[PDB]
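Our numbering puts the first residue of the sequence shown at 1, with every later residue one more than the last.
Even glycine gets a Cβ: it sits at the ideal position worked out from N, Cα and C.
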Amino acid sequence: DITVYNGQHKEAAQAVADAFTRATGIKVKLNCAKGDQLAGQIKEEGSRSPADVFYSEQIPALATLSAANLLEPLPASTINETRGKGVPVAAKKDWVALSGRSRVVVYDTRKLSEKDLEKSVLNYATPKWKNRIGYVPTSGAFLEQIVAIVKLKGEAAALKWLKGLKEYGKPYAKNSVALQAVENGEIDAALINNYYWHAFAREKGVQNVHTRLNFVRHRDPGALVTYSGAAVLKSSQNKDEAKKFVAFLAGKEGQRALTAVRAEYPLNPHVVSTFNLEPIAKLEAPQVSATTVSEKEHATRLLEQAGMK
Ligand SMILES: [Fe+3]
């Protein structure tokens, strides 16, 4: 019986949690919140943490925890399960990537066509989009986005981009809120992750949705793709079943259970989504090194500098 600190979306976690419990009989308690938060918590907690597994939407949350030496090394059968082109890997094998999600511009087909969007995410930080483009200053993927821009364009491009969005864009508390504010026509478009779109259309009916996803591709920073992952805590009193849970996640069955219900890119080579996901290669993602702890820090220094924080 295990306790998962779940930074992942509730739908995501309950799919894999339930699928695991069917295969093993092992119960999963879900403690849901922001990975950001839960990572800080786990730090506070030390050996007192009740958390067996940590499930994150983004690798940086895993990286900091890994930098603190709080994660249990995993076997090279878990790790290798999702070993693949461009997939981030832990120096200490103390976490494993599991699924990928693309950066997207979601736009109102009512008001815009793809033709009318930008060929670079850099360009939304502009008078031209004054109150026309939404962003999420607290989103984990937003942070990885700033990271990418610093690496690909430099930290001057990245603060200028932040400041532009600050001045001309509109902020939202979550990506879902961002997307839903666009569907209410409050906002013409917004920077989000791809998988939210699928979920919306499934709940609402695609015929009732007027937004589309745009794919900047061409190794533009906006074409970035980031990775969700999991890990076992050193403190765990249920280590073996915690390792099993994570094995399940990177294994075929775990990937089919997640990707069956959530529009994220599955990382196990033996698995393919039935969600008509845009072919990852066609994404033309920039080939960006993994986010490092002091790369993540730098970017929040920027977040502060720009007025978001
Ligand atoms: Fe998300």
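Is the number of C-beta pairs between the region 150 to 157 and the region 95 to 111 that are closer than 8 Å three or more?
Touching, no, given that fewer than three Cβ pairs across the two stretches are closer than 8 Å.
To test your reading of the DSSP string, which unbroken beta strand (DSSP E) runs of 3 or more residues are found completely within the region 27 to 112?
Runs found: 28 to 32, 53 to 56 and 96 to 108.
For residue 147 and residue 270, I'd like the C-alpha separation in whole angstroms.
Those two C-alpha atoms are separated by around 30 Å.
Does the Cβ of residue 175 lie closer than 7 Å to at least one heavy atom of ligand 1?
Within the cutoff, so yes.
If the criterion is Cβ atoms closer than 8 Å, does the pair residue 275 and residue 263 meet it?
In contact: residue 275 and residue 263 (Cβ atoms closer than 8 Å).
DSSP on residue 192, reduced to helix/strand/coil?
Residue state, collapsed to three classes: strand.
Tell me, to the nearest whole angstrom, how far the beta carbon of residue 239 is from that of residue 72; I am working on the premise that it is less than 8 Å.
Yes, residue 239 and residue 72 are in contact; Cβ-Cβ is about 6 Å, under 8 Å.
On the three-state DSSP scale, how would you describe residue 221?
In the structure shown, residue 221 sits in a helix (DSSP, three-state: H, G or I).
Taking the beta carbon of residue 289 as the centre, do at least 16 other beta carbons fall within 10 Å, making it buried, or is it exposed?
So residue 289 counts as exposed.
Do you know offhand how far residue 220's Cα is from residue 285's?
Approximately 7 Å between the Cα atoms of the pair.
Identify whether residue 149 lies in helix, strand or coil by the three-state DSSP scheme.
It is helical.
May I ask you to report which of helix, strand or coil DSSP gives residue 175?
Looking at residue 175 - three-state DSSP - the assignment turns out to be helix.
Going by DSSP, which residues form a beta bridge with residue 135?
In the DSSP output, where bridge partners are listed per residue, residue 135 has 171.
Check whether the Cβ atoms of residue 78 and residue 97 sit closer than 8 Å, and answer yes or no.
It is not a contact, given that the beta carbons lie outside the stated cut-off.
Pull up the DSSP beta-bridge partners for residue 211, would you.
According to DSSP, residue 211 bridges with 108.
Rounded to whole angstroms, what is the Cα-Cα separation between residue 162 and residue 106?
Going by the C-alpha atoms only, they are around 19 Å apart.
Pairing CB atoms from the region 212 to 226 with CB atoms from the region 117 to 128, are three or more of them under 8 Å?
Enough Cβ pairs lie closer than 8 Å, so yes.
Check whether the region 190 to 208 touches the region 228 to 237, counting contact only when three or more Cβ pairs, one atom from each stretch, lie closer than 8 Å.
The region 190 to 208 is not in contact with the region 228 to 237.
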